[PDB]
>>> print(open('upload15.csv').read())   # CSV, C-alpha atoms and all ligand atoms
chain,number,residue,atom,x,y,z
A,2,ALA,CA,-86.6,-16.6,-17.3
A,3,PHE,CA,-87.3,-19.3,-20.0
A,4,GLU,CA,-90.6,-21.2,-19.8
A,5,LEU,CA,-91.2,-24.9,-20.7
A,6,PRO,CA,-93.7,-24.5,-23.6
A,7,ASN,CA,-96.7,-26.9,-23.5
A,8,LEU,CA,-96.9,-29.6,-26.3
A,9,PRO,CA,-99.3,-28.3,-28.9
A,10,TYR,CA,-101.4,-31.6,-28.4
A,11,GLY,CA,-102.1,-34.4,-25.9
A,12,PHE,CA,-99.4,-37.1,-25.2
A,13,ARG,CA,-101.4,-39.6,-27.3
A,14,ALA,CA,-101.8,-37.3,-30.4
A,15,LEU,CA,-98.8,-38.8,-32.4
A,16,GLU,CA,-99.8,-42.5,-31.8
A,17,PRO,CA,-98.8,-44.9,-33.1
A,18,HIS,CA,-95.7,-43.1,-34.6
A,19,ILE,CA,-94.4,-41.9,-31.2
A,20,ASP,CA,-95.7,-43.5,-28.0
A,21,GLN,CA,-97.5,-41.4,-25.3
A,22,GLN,CA,-95.0,-42.6,-22.5
A,23,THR,CA,-92.2,-41.0,-24.5
A,24,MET,CA,-94.1,-37.8,-25.4
A,25,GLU,CA,-94.8,-37.3,-21.6
A,26,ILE,CA,-91.2,-38.2,-20.3
A,27,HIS,CA,-89.5,-36.4,-23.2
A,28,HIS,CA,-91.4,-33.2,-22.6
A,29,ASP,CA,-92.1,-33.1,-18.8
A,30,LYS,CA,-88.7,-34.6,-17.7
A,31,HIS,CA,-85.9,-34.1,-20.5
A,32,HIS,CA,-87.0,-30.7,-21.9
A,33,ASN,CA,-88.0,-29.4,-18.3
A,34,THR,CA,-84.4,-30.3,-17.1
A,35,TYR,CA,-82.9,-28.2,-20.0
A,36,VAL,CA,-85.1,-25.3,-18.9
A,37,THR,CA,-84.1,-25.7,-15.2
A,38,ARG,CA,-80.3,-25.8,-16.0
A,39,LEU,CA,-80.6,-23.0,-18.6
A,40,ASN,CA,-82.4,-20.7,-16.1
A,41,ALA,CA,-79.8,-21.6,-13.4
A,42,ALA,CA,-77.1,-20.3,-15.8
A,43,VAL,CA,-78.8,-17.3,-17.4
A,44,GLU,CA,-81.4,-16.0,-14.9
A,45,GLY,CA,-80.1,-12.7,-13.4
A,46,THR,CA,-77.6,-12.2,-16.4
A,47,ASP,CA,-78.0,-9.8,-19.4
A,48,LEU,CA,-78.8,-12.9,-21.5
A,49,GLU,CA,-82.1,-13.4,-19.6
A,50,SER,CA,-83.9,-10.7,-21.8
A,51,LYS,CA,-82.6,-12.4,-25.1
A,52,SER,CA,-84.5,-14.9,-27.2
A,53,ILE,CA,-83.1,-18.5,-26.9
A,54,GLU,CA,-82.5,-18.2,-30.8
A,55,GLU,CA,-80.3,-15.1,-30.3
A,56,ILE,CA,-78.3,-16.8,-27.5
A,57,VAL,CA,-77.7,-20.1,-29.3
A,58,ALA,CA,-76.8,-18.2,-32.6
A,59,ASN,CA,-74.2,-16.2,-30.6
A,60,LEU,CA,-72.6,-18.5,-28.0
A,61,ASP,CA,-69.3,-16.4,-28.1
A,62,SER,CA,-71.4,-13.6,-26.3
A,63,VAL,CA,-71.9,-16.1,-23.4
A,64,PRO,CA,-69.3,-15.6,-20.5
A,65,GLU,CA,-66.9,-18.6,-20.3
A,66,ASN,CA,-68.1,-19.9,-16.9
A,67,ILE,CA,-71.6,-20.7,-18.2
A,68,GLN,CA,-70.8,-21.3,-21.9
A,69,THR,CA,-71.1,-25.2,-21.6
A,70,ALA,CA,-74.3,-25.0,-19.5
A,71,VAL,CA,-75.9,-22.5,-22.1
A,72,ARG,CA,-74.7,-24.4,-25.2
A,73,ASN,CA,-76.0,-27.8,-23.8
A,74,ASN,CA,-79.2,-26.6,-22.0
A,75,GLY,CA,-79.8,-23.6,-24.3
A,76,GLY,CA,-79.5,-26.0,-27.2
A,77,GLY,CA,-81.7,-28.5,-25.4
A,78,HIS,CA,-84.4,-25.8,-24.9
A,79,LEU,CA,-84.3,-24.4,-28.5
A,80,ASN,CA,-84.1,-27.9,-30.1
A,81,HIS,CA,-87.1,-29.4,-28.1
A,82,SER,CA,-89.1,-26.1,-28.5
A,83,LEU,CA,-88.7,-26.5,-32.4
A,84,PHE,CA,-89.4,-30.3,-32.3
A,85,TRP,CA,-92.8,-30.1,-30.5
A,86,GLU,CA,-94.1,-27.5,-32.9
A,87,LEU,CA,-92.7,-29.5,-35.9
A,88,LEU,CA,-94.9,-32.6,-35.0
A,89,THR,CA,-98.7,-32.8,-35.6
A,90,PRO,CA,-101.5,-35.4,-35.5
A,91,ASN,CA,-102.6,-33.8,-38.9
A,92,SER,CA,-99.5,-34.0,-41.2
A,93,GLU,CA,-99.9,-33.0,-44.9
A,94,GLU,CA,-96.9,-33.2,-47.3
A,95,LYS,CA,-97.7,-29.9,-49.0
A,96,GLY,CA,-96.5,-26.2,-49.1
A,97,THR,CA,-93.5,-24.1,-49.9
A,98,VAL,CA,-90.6,-26.3,-48.5
A,99,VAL,CA,-92.1,-29.5,-49.9
A,100,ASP,CA,-92.2,-27.9,-53.4
A,101,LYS,CA,-88.6,-26.6,-53.0
A,102,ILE,CA,-87.6,-30.1,-51.8
A,103,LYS,CA,-89.3,-31.8,-54.9
A,104,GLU,CA,-87.5,-29.2,-57.1
A,105,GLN,CA,-84.0,-29.7,-55.5
A,106,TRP,CA,-84.0,-33.5,-54.8
A,107,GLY,CA,-86.3,-34.4,-57.7
A,108,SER,CA,-88.8,-36.1,-55.3
A,109,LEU,CA,-89.8,-35.9,-51.5
A,110,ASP,CA,-88.8,-39.6,-51.4
A,111,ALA,CA,-85.2,-38.9,-52.5
A,112,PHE,CA,-85.1,-36.1,-49.8
A,113,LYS,CA,-86.4,-38.6,-47.1
A,114,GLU,CA,-83.7,-41.2,-48.2
A,115,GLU,CA,-80.9,-38.6,-47.6
A,116,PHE,CA,-82.5,-37.3,-44.4
A,117,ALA,CA,-82.9,-40.9,-43.1
A,118,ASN,CA,-79.2,-41.8,-44.2
A,119,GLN,CA,-77.7,-38.7,-42.4
A,120,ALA,CA,-80.0,-39.2,-39.3
A,121,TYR,CA,-79.1,-42.9,-39.1
A,122,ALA,CA,-75.3,-42.1,-39.5
A,123,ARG,CA,-75.2,-39.6,-36.6
A,124,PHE,CA,-73.2,-41.6,-34.0
A,125,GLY,CA,-74.1,-41.1,-30.3
A,126,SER,CA,-76.7,-38.4,-29.3
A,127,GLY,CA,-77.8,-35.7,-31.7
A,128,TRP,CA,-80.2,-34.1,-34.2
A,129,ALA,CA,-80.9,-34.4,-38.0
A,130,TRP,CA,-81.8,-31.0,-39.7
A,131,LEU,CA,-83.1,-29.5,-42.9
A,132,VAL,CA,-81.5,-26.0,-42.8
A,133,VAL,CA,-81.4,-22.9,-45.0
A,134,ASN,CA,-77.7,-22.0,-45.8
A,135,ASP,CA,-77.7,-18.6,-47.6
A,136,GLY,CA,-81.0,-19.4,-49.4
A,137,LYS,CA,-80.0,-23.1,-50.1
A,138,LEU,CA,-81.7,-26.2,-48.6
A,139,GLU,CA,-79.1,-28.5,-47.0
A,140,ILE,CA,-79.4,-31.7,-44.7
A,141,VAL,CA,-77.0,-31.7,-41.7
A,142,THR,CA,-76.7,-33.5,-38.3
A,143,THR,CA,-75.4,-32.1,-35.0
A,144,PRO,CA,-74.1,-33.8,-31.9
A,145,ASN,CA,-75.8,-33.6,-28.5
A,146,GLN,CA,-77.8,-30.3,-28.4
A,147,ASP,CA,-75.7,-28.3,-30.9
A,148,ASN,CA,-78.0,-26.3,-33.3
A,149,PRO,CA,-77.2,-25.1,-36.9
A,150,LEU,CA,-78.0,-21.5,-35.8
A,151,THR,CA,-74.5,-21.4,-34.2
A,152,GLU,CA,-73.0,-22.1,-37.7
A,153,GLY,CA,-75.2,-19.4,-39.4
A,154,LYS,CA,-77.7,-22.0,-40.8
A,155,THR,CA,-81.5,-21.7,-40.2
A,156,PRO,CA,-83.1,-25.0,-39.0
A,157,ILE,CA,-86.6,-25.5,-40.6
A,158,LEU,CA,-87.0,-29.3,-39.8
A,159,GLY,CA,-85.4,-31.3,-36.9
A,160,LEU,CA,-85.5,-34.9,-35.8
A,161,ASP,CA,-84.2,-35.8,-32.3
A,162,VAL,CA,-82.1,-39.0,-32.6
A,163,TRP,CA,-81.1,-39.1,-28.9
A,164,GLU,CA,-82.1,-42.7,-27.8
A,165,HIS,CA,-84.6,-41.2,-25.2
A,166,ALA,CA,-86.6,-40.0,-28.3
A,167,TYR,CA,-87.2,-43.6,-29.6
A,168,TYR,CA,-85.9,-46.3,-27.2
A,169,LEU,CA,-89.2,-47.2,-25.4
A,170,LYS,CA,-91.1,-48.0,-28.7
A,171,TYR,CA,-88.3,-48.9,-31.2
A,172,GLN,CA,-85.3,-49.8,-29.0
A,173,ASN,CA,-82.2,-50.2,-31.3
A,174,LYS,CA,-84.3,-49.7,-34.4
A,175,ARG,CA,-83.6,-46.0,-35.2
A,176,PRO,CA,-84.5,-46.4,-38.9
A,177,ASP,CA,-88.1,-47.4,-38.0
A,178,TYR,CA,-88.4,-44.3,-35.8
A,179,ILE,CA,-87.1,-42.1,-38.6
A,180,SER,CA,-89.6,-43.8,-41.1
A,181,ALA,CA,-92.4,-43.2,-38.5
A,182,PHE,CA,-91.5,-39.5,-38.1
A,183,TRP,CA,-92.6,-38.6,-41.7
A,184,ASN,CA,-96.2,-39.5,-40.6
A,185,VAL,CA,-96.2,-36.6,-38.0
A,186,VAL,CA,-94.2,-33.8,-39.6
A,187,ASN,CA,-95.8,-30.3,-39.4
A,188,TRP,CA,-95.0,-28.9,-42.9
A,189,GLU,CA,-97.0,-25.7,-42.0
A,190,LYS,CA,-94.4,-25.1,-39.2
A,191,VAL,CA,-91.5,-26.0,-41.6
A,192,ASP,CA,-92.9,-23.4,-44.1
A,193,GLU,CA,-93.1,-20.8,-41.2
A,194,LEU,CA,-89.5,-21.4,-40.1
A,195,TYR,CA,-88.4,-21.2,-43.8
A,196,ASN,CA,-90.3,-18.0,-44.4
A,197,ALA,CA,-88.7,-16.3,-41.3
A,198,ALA,CA,-85.2,-17.3,-42.4
A,199,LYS,CA,-85.8,-14.8,-45.3
B,2,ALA,CA,-62.2,-61.5,-37.5
B,3,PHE,CA,-63.4,-60.1,-34.1
B,4,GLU,CA,-66.1,-62.1,-32.3
B,5,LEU,CA,-69.1,-61.0,-30.1
B,6,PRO,CA,-68.0,-62.5,-26.7
B,7,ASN,CA,-70.5,-64.7,-24.8
B,8,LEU,CA,-71.9,-63.2,-21.6
B,9,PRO,CA,-70.6,-65.1,-18.5
B,10,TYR,CA,-74.2,-65.3,-17.0
B,11,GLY,CA,-77.8,-65.4,-18.3
B,12,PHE,CA,-79.7,-62.3,-19.6
B,13,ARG,CA,-81.6,-62.2,-16.2
B,14,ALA,CA,-78.6,-62.6,-14.0
B,15,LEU,CA,-78.3,-58.8,-13.2
B,16,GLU,CA,-82.0,-58.3,-12.3
B,17,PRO,CA,-83.4,-56.2,-10.9
B,18,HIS,CA,-80.4,-53.8,-11.4
B,19,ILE,CA,-80.2,-54.2,-15.2
B,20,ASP,CA,-83.3,-55.7,-16.9
B,21,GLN,CA,-83.1,-58.9,-19.0
B,22,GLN,CA,-84.6,-57.1,-22.1
B,23,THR,CA,-81.8,-54.5,-22.1
B,24,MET,CA,-79.1,-57.2,-21.4
B,25,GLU,CA,-80.3,-59.2,-24.5
B,26,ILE,CA,-80.8,-56.2,-26.9
B,27,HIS,CA,-77.6,-54.4,-25.6
B,28,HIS,CA,-75.5,-57.5,-26.2
B,29,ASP,CA,-77.2,-59.3,-29.2
B,30,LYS,CA,-77.9,-56.0,-31.2
B,31,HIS,CA,-75.8,-52.9,-30.1
B,32,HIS,CA,-72.5,-54.8,-29.3
B,33,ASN,CA,-73.0,-57.1,-32.4
B,34,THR,CA,-73.4,-54.1,-34.7
B,35,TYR,CA,-70.0,-52.7,-33.4
B,36,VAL,CA,-68.4,-56.2,-34.1
B,37,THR,CA,-69.9,-56.3,-37.6
B,38,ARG,CA,-68.7,-52.8,-38.6
B,39,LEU,CA,-65.2,-53.3,-36.9
B,40,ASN,CA,-64.8,-56.5,-39.1
B,41,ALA,CA,-66.1,-54.7,-42.2
B,42,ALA,CA,-63.4,-52.1,-41.7
B,43,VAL,CA,-60.3,-54.2,-40.8
B,44,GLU,CA,-60.9,-57.8,-42.3
B,45,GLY,CA,-58.2,-58.6,-44.9
B,46,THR,CA,-55.9,-55.8,-43.5
B,47,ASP,CA,-53.0,-56.0,-41.1
B,48,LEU,CA,-55.3,-54.7,-38.3
B,49,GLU,CA,-57.3,-58.0,-38.3
B,50,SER,CA,-54.5,-59.8,-36.4
B,51,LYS,CA,-54.1,-57.1,-33.7
B,52,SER,CA,-55.9,-57.0,-30.3
B,53,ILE,CA,-58.8,-54.5,-30.0
B,54,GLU,CA,-56.7,-53.0,-27.1
B,55,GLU,CA,-53.7,-52.4,-29.4
B,56,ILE,CA,-56.0,-50.9,-32.2
B,57,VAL,CA,-57.9,-48.5,-29.8
B,58,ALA,CA,-54.7,-47.4,-28.0
B,59,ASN,CA,-53.3,-46.6,-31.4
B,60,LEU,CA,-56.3,-45.0,-33.4
B,61,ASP,CA,-53.9,-42.3,-34.6
B,62,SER,CA,-52.1,-44.8,-36.8
B,63,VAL,CA,-55.3,-46.4,-38.3
B,64,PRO,CA,-55.6,-45.5,-42.1
B,65,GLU,CA,-57.7,-42.2,-42.5
B,66,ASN,CA,-60.4,-44.0,-44.7
B,67,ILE,CA,-61.5,-46.4,-41.8
B,68,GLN,CA,-60.2,-44.4,-38.7
B,69,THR,CA,-63.8,-43.0,-37.8
B,70,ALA,CA,-65.4,-46.5,-38.3
B,71,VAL,CA,-62.6,-48.1,-36.1
B,72,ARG,CA,-62.7,-45.4,-33.4
B,73,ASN,CA,-66.5,-45.8,-33.1
B,74,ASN,CA,-67.0,-49.5,-33.8
B,75,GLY,CA,-63.6,-50.7,-32.3
B,76,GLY,CA,-64.3,-48.5,-29.3
B,77,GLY,CA,-67.8,-50.0,-29.1
B,78,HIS,CA,-66.4,-53.6,-29.2
B,79,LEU,CA,-63.7,-52.9,-26.5
B,80,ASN,CA,-66.0,-50.9,-24.2
B,81,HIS,CA,-68.9,-53.6,-24.2
B,82,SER,CA,-66.3,-56.5,-24.0
B,83,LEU,CA,-65.0,-54.8,-20.8
B,84,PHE,CA,-68.5,-54.0,-19.5
B,85,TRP,CA,-69.9,-57.6,-19.7
B,86,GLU,CA,-66.9,-59.0,-17.7
B,87,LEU,CA,-67.1,-56.1,-15.2
B,88,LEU,CA,-70.8,-57.1,-14.3
B,89,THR,CA,-71.7,-60.2,-12.1
B,90,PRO,CA,-74.6,-61.7,-10.3
B,91,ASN,CA,-72.0,-62.4,-7.5
B,92,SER,CA,-70.7,-58.8,-6.6
B,93,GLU,CA,-68.4,-58.6,-3.5
B,94,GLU,CA,-67.1,-55.1,-2.6
B,95,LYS,CA,-63.6,-56.1,-1.6
B,96,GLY,CA,-60.1,-56.7,-2.9
B,97,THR,CA,-57.0,-54.8,-4.1
B,98,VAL,CA,-58.7,-51.8,-5.9
B,99,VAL,CA,-61.4,-51.4,-3.2
B,100,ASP,CA,-58.6,-51.2,-0.6
B,101,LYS,CA,-56.7,-48.6,-2.7
B,102,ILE,CA,-60.0,-46.6,-3.2
B,103,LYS,CA,-60.6,-46.6,0.6
B,104,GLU,CA,-57.1,-45.2,1.1
B,105,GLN,CA,-57.4,-42.5,-1.7
B,106,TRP,CA,-61.1,-41.4,-1.3
B,107,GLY,CA,-61.3,-42.3,2.5
B,108,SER,CA,-64.3,-44.7,1.9
B,109,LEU,CA,-65.9,-46.7,-1.0
B,110,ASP,CA,-68.9,-44.4,-0.5
B,111,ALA,CA,-66.9,-41.2,-1.2
B,112,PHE,CA,-65.5,-42.9,-4.4
B,113,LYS,CA,-69.1,-44.0,-5.4
B,114,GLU,CA,-70.2,-40.3,-4.9
B,115,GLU,CA,-67.6,-38.8,-7.2
B,116,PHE,CA,-68.1,-41.7,-9.8
B,117,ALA,CA,-71.9,-41.2,-9.7
B,118,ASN,CA,-71.4,-37.3,-10.1
B,119,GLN,CA,-69.1,-37.7,-13.1
B,120,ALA,CA,-71.4,-40.5,-14.7
B,121,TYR,CA,-74.5,-38.2,-14.2
B,122,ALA,CA,-72.7,-35.1,-15.6
B,123,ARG,CA,-71.6,-36.8,-18.9
B,124,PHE,CA,-73.8,-35.0,-21.4
B,125,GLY,CA,-75.0,-37.1,-24.3
B,126,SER,CA,-73.7,-40.6,-25.0
B,127,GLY,CA,-70.6,-42.0,-23.3
B,128,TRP,CA,-68.9,-44.0,-20.5
B,129,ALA,CA,-67.8,-43.3,-16.9
B,130,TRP,CA,-64.4,-45.0,-16.1
B,131,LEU,CA,-62.1,-45.7,-13.2
B,132,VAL,CA,-58.6,-45.5,-14.8
B,133,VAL,CA,-54.9,-45.9,-13.9
B,134,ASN,CA,-53.3,-42.7,-15.2
B,135,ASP,CA,-49.5,-42.8,-14.8
B,136,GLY,CA,-49.9,-45.0,-11.6
B,137,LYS,CA,-52.7,-43.0,-9.9
B,138,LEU,CA,-56.5,-43.8,-9.7
B,139,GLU,CA,-58.6,-41.2,-11.7
B,140,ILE,CA,-62.3,-41.0,-12.5
B,141,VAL,CA,-62.9,-39.8,-16.1
B,142,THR,CA,-65.7,-39.9,-18.6
B,143,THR,CA,-65.5,-40.2,-22.5
B,144,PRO,CA,-67.9,-39.4,-25.3
B,145,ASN,CA,-69.7,-42.0,-27.5
B,146,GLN,CA,-67.3,-45.0,-27.7
B,147,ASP,CA,-64.0,-43.2,-27.1
B,148,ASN,CA,-61.8,-45.2,-24.6
B,149,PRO,CA,-59.2,-43.9,-22.1
B,150,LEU,CA,-56.5,-46.2,-23.7
B,151,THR,CA,-56.3,-43.8,-26.6
B,152,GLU,CA,-55.0,-41.1,-24.1
B,153,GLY,CA,-52.7,-43.6,-22.4
B,154,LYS,CA,-55.0,-44.3,-19.3
B,155,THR,CA,-55.9,-47.9,-18.5
B,156,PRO,CA,-59.6,-48.6,-17.7
B,157,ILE,CA,-60.3,-50.9,-14.7
B,158,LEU,CA,-64.0,-50.1,-14.3
B,159,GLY,CA,-66.5,-48.7,-16.9
B,160,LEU,CA,-70.2,-47.8,-16.8
B,161,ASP,CA,-72.2,-47.4,-20.1
B,162,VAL,CA,-74.3,-44.2,-19.8
B,163,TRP,CA,-75.6,-44.4,-23.4
B,164,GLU,CA,-79.4,-44.1,-22.9
B,165,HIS,CA,-79.8,-47.6,-24.5
B,166,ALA,CA,-78.0,-49.0,-21.4
B,167,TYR,CA,-80.7,-47.8,-19.0
B,168,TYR,CA,-83.8,-46.3,-20.8
B,169,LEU,CA,-86.1,-49.3,-20.8
B,170,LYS,CA,-85.9,-49.7,-16.9
B,171,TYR,CA,-84.9,-46.2,-15.7
B,172,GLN,CA,-86.0,-43.8,-18.6
B,173,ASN,CA,-84.7,-40.3,-17.7
B,174,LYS,CA,-83.5,-41.4,-14.2
B,175,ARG,CA,-79.8,-42.0,-15.0
B,176,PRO,CA,-78.8,-41.6,-11.2
B,177,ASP,CA,-81.1,-44.6,-10.3
B,178,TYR,CA,-79.3,-46.7,-12.9
B,179,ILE,CA,-75.8,-45.6,-11.6
B,180,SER,CA,-77.1,-46.4,-8.0
B,181,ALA,CA,-78.3,-49.9,-9.3
B,182,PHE,CA,-74.9,-50.6,-11.0
B,183,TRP,CA,-73.0,-50.9,-7.7
B,184,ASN,CA,-74.9,-54.0,-6.9
B,185,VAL,CA,-73.5,-55.9,-9.9
B,186,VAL,CA,-69.8,-54.6,-10.2
B,187,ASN,CA,-67.3,-57.5,-10.6
B,188,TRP,CA,-64.4,-56.2,-8.3
B,189,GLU,CA,-62.5,-59.4,-9.2
B,190,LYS,CA,-62.4,-58.3,-12.8
B,191,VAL,CA,-61.5,-54.7,-11.6
B,192,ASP,CA,-58.5,-56.2,-9.6
B,193,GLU,CA,-57.4,-58.3,-12.6
B,194,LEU,CA,-57.4,-55.2,-14.9
B,195,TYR,CA,-55.6,-53.0,-12.2
B,196,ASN,CA,-52.9,-55.7,-11.7
B,197,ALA,CA,-52.2,-55.9,-15.5
B,198,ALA,CA,-52.1,-52.0,-15.6
B,199,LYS,CA,-49.3,-51.9,-13.0
B,200,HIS,CA,-47.1,-54.1,-15.3
B,201,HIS,CA,-48.1,-52.6,-18.7
B,202,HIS,CA,-44.7,-51.5,-20.1
C,1,BR,BR,-105.1,-33.9,-28.9
C,2,MN,MN,-84.7,-35.1,-26.8
C,3,MN,MN,-73.8,-49.6,-24.9
>>> encode(input="upload15.csv", output="structure tokens")
Amino acid sequence: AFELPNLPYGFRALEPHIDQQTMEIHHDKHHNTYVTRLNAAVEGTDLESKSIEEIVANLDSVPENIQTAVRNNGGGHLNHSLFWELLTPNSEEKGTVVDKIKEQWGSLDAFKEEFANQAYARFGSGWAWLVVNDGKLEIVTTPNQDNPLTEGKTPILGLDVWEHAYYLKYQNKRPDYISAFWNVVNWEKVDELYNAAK
Amino acid sequence: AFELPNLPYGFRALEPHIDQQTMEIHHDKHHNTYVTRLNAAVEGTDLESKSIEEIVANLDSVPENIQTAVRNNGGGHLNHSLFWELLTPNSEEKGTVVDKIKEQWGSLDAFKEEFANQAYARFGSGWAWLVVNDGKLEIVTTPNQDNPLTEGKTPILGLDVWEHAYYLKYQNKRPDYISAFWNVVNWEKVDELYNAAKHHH
């Protein structure tokens, strides 16, 4: 069965960029619900032994009757699992991917502009991603809990732009949330995900 | 140009079922953004003189360069315009549609159960609707700001299940929001929309 991973920090560790009420409800309620419904679908099937990454990457090996449950709750589990590890109270804009971003976009600032534009433009619920696409850094967004793995793209940074991720602190103000996010990005985790793509 | 409609009650009128902070932000910010972007898309074109009902029912015909903006922002404008008039501080569970619902589902409660189930199951952003679909009552849900009119179904009740509609008061507890919603449904508006639906064509 899949396990709800602990946050790597206390609920208050990302203040004042993300509020502790959100960190608690987002993790203990929203992510936990994805794990409940994912397990209800996959527990007792030949998918149960597989990594969530293998499953989400290969949704056409999911039998038709649970395909939607797995895509949505499997996606929910993978996306939130990545997100918690991609946040930190000790953010430093350094390392492999930051250097590659400066190289490709000319500056980290230009990168943040495009990331924020794409994240802002995602209509309804979804995610903004920095992915590796056959060696190439690319910014994409996905609806709901869809994940670039399914399209053969390796996610190395993700921002949750479902309203549950920002409404308590920021309400309608998604751009302020996106701006706040830069303060808590775990670039060490980004580097790890990038290195494993290779 | 399209206009943000005035609420027919105060921001506090739907308490405790919908919180005044949400009523103000949802109307003055979320709906207003849809109106702004609809107007940015259509102003100075032949679409500016058409009803939002006509535009949304006919998204297929909207020029390709503005079709997504009109689908999302025109949808947004129609959906919220319907929603405000379908809420009331003076809800009475009676009339033509309540009577038809009792006949079809056997009780209002059985109807509420199916509606609440579909509204809860809608994954991500969207709307739960009661529609007239070729003369029969049908519960459907739509993603984002999509509207049953585009598929030739007439909406007579809608519930916003975007998280902005419920997160400040209910957070993750969408079912408690849906439960609250019944206390503020304007069945007089539902009756009016139904009656129009029967004579649409
Ligand atoms: Br801590
Ligand atoms: Mn989330
Ligand atoms: Mn809304």
>>> closest_residue(input="upload15.csv", among="B:66, B:108, B:184, B:23", to="ligand MN 3 (chain C)", atoms="all atoms listed in the file")
B:23
>>> atom_distance(input="upload15.csv", atom1="atom CA of residue 110 of chain A", atom2="atom CA of residue 24 of chain A")
26.6 Å
>>> closest_atom_pairs(input="upload15.csv", of="chain A", to="chain B", cutoff="8 Å", atoms="all atoms listed in the file", output="tab-separated table")
residue	atom	partner	partner_atom	distance
A:26	CA	B:173	CA	7.3
A:30	CA	B:173	CA	7.0
A:31	CA	B:173	CA	6.9
A:73	CA	B:124	CA	7.9
A:124	CA	B:145	CA	7.4
A:125	CA	B:145	CA	5.3
A:126	CA	B:125	CA	5.4
A:145	CA	B:125	CA	5.5
A:163	CA	B:125	CA	7.9
A:164	CA	B:164	CA	5.8
A:165	CA	B:164	CA	6.4
A:168	CA	B:168	CA	6.7
A:169	CA	B:169	CA	5.9
A:172	CA	B:165	CA	7.4
A:173	CA	B:31	CA	7.0
>>> residues_near_ligand(input="upload15.csv", ligand="ligand BR 1 (chain C)", cutoff="12 Å", atoms="all atoms listed in the file", output="PyMOL selection string")
chain A and resi 8-16+21+88-91
>>> residues_around(input="upload15.csv", residues="residue 97 of chain B", least_positions_apart="5", cutoff="9 Å", atoms="only C-alpha atoms", output="PyMOL selection string")
chain B and resi 102+188-189+191-192+195-196
>>> write_last_selection(input="upload15.csv", atoms="C-alpha atoms", output="PDB file, in the coordinates of the input")
ATOM      1  CA  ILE B 102     -60.000 -46.600  -3.200  1.00  0.00           C
ATOM      2  CA  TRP B 188     -64.400 -56.200  -8.300  1.00  0.00           C
ATOM      3  CA  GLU B 189     -62.500 -59.400  -9.200  1.00  0.00           C
ATOM      4  CA  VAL B 191     -61.500 -54.700 -11.600  1.00  0.00           C
ATOM      5  CA  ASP B 192     -58.500 -56.200  -9.600  1.00  0.00           C
ATOM      6  CA  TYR B 195     -55.600 -53.000 -12.200  1.00  0.00           C
ATOM      7  CA  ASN B 196     -52.900 -55.700 -11.700  1.00  0.00           C
TER       8      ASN B 196
END
>>> closest_residue(input="upload15.csv", among="A:185, A:198, A:56, A:162", to="residue 135 of chain A", atoms="all atoms listed in the file")
A:198
>>> atom_distance(input="upload15.csv", atom1="atom CA of residue 189 of chain A", atom2="atom CA of residue 123 of chain A")
26.4 Å
>>> decode(input="upload15.csv", residues="segment 130-137 of chain A", atoms="N, CA, C and O atoms", output="tab-separated table (two decimals), in the first residue's frame")
chain	number	residue	atom	x	y	z
A	130	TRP	N	5.16	23.40	-13.67
A	130	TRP	CA	6.36	22.52	-13.62
A	130	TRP	C	7.54	23.12	-14.37
A	130	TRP	O	7.34	23.76	-15.41
A	131	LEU	N	8.73	22.90	-13.83
A	131	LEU	CA	9.98	22.87	-14.60
A	131	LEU	C	10.29	21.39	-14.84
A	131	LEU	O	10.34	20.65	-13.84
A	132	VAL	N	10.42	20.99	-16.09
A	132	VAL	CA	10.63	19.56	-16.48
A	132	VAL	C	11.93	19.44	-17.27
A	132	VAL	O	12.42	20.47	-17.78
A	133	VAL	N	12.44	18.22	-17.36
A	133	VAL	CA	13.50	17.82	-18.33
A	133	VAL	C	12.83	17.06	-19.47
A	133	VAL	O	12.20	16.02	-19.20
A	134	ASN	N	12.95	17.58	-20.69
A	134	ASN	CA	12.34	17.01	-21.92
A	134	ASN	C	13.47	16.58	-22.87
A	134	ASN	O	13.93	17.42	-23.66
A	135	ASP	N	13.89	15.32	-22.79
A	135	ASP	CA	15.07	14.81	-23.54
A	135	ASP	C	16.22	15.81	-23.34
A	135	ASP	O	16.72	16.35	-24.35
A	136	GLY	N	16.60	16.05	-22.08
A	136	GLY	CA	17.81	16.81	-21.71
A	136	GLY	C	17.56	18.30	-21.58
A	136	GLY	O	18.41	19.00	-20.98
A	137	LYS	N	16.43	18.78	-22.12
A	137	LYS	CA	16.12	20.23	-22.28
A	137	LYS	C	15.21	20.69	-21.14
A	137	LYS	O	14.17	20.02	-20.92
